[PDB]
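Chemist: A structural model of the following input is requested.
(chains A and B, ligands or ions: 1)
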Amino acid sequence: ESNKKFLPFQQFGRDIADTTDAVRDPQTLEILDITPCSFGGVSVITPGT
Amino acid sequence: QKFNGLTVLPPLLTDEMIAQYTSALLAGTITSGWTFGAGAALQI
Ligand SMILES: *[C@@H]1O[C@H](CO)[C@@H](O)[C@H](O)[C@H]1NC(C)=O
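Modeler: Residues are numbered from 1 along each chain as shown, chains lettered A, B, ... in the order given. See the structure here:
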């Protein structure tokens, strides 16, 4: 649930690079946020074999 | 930009580590002249 509120004809939101980052539920007219699920790299520290 | 696989990695020296390096170069010049960059700091 977001602290954004927009005009009643708008359905979803976009940002500076045109990524969808907010959406309206078509039954309860609430504004949800969208964040990505967690990703990253895996790095292995070795002292040498 | 985190949506599409882009990340930013942090630097190895922080900003307080770089400020500690520049204040040690300043104190060596004000108290020793050019001697601390050639050996031991000799006050003058
Ligand atoms: C859709 O129906 C639900 C009933 O569970 C209601 O709460 C909601 O306000 C309705 N949305 C409309 C009419 O846009």
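Chemist: Residue B:26 and residue B:17, how far apart?
Modeler: Applying CB to CB, to the nearest Å, the value for residue B:26 to residue B:17 is 15 Å. Yep, even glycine has a C-beta here, placed from its N, CA and C like the rest.
Chemist: repeat for residue A:40
Modeler: In terms of CB to CB, residue A:40 sits 25 Å off from residue B:17.
Chemist: out of the two, which sits in the more crowded spot?
Modeler: residue B:17 (10 against 6; other CB atoms under 10 Å in any protein chain shown).
Chemist: Quick check: phi and psi at that one.
Modeler: With angles defined as degrees, to the nearest 10, residue B:17 sits at phi -80, psi -30.
Chemist: go on, residue A:13?
Modeler: Torsion angles, degrees, to the nearest 10, at residue A:13: phi -120, psi 160.
Chemist: Show me what residue of chain B gets nearest to chain A.
Modeler: Closest contact between chain B and chain A, by CB to the nearest CB, is at residue B:3 (5.0 Å).
Chemist: Those residues of chain A touching chain B, which are they?
Modeler: For chain A, the residues in contact with chain B (CB under 8 Å from any CB of the partner chain) are A:17, A:19, A:21, A:36, A:39-41.
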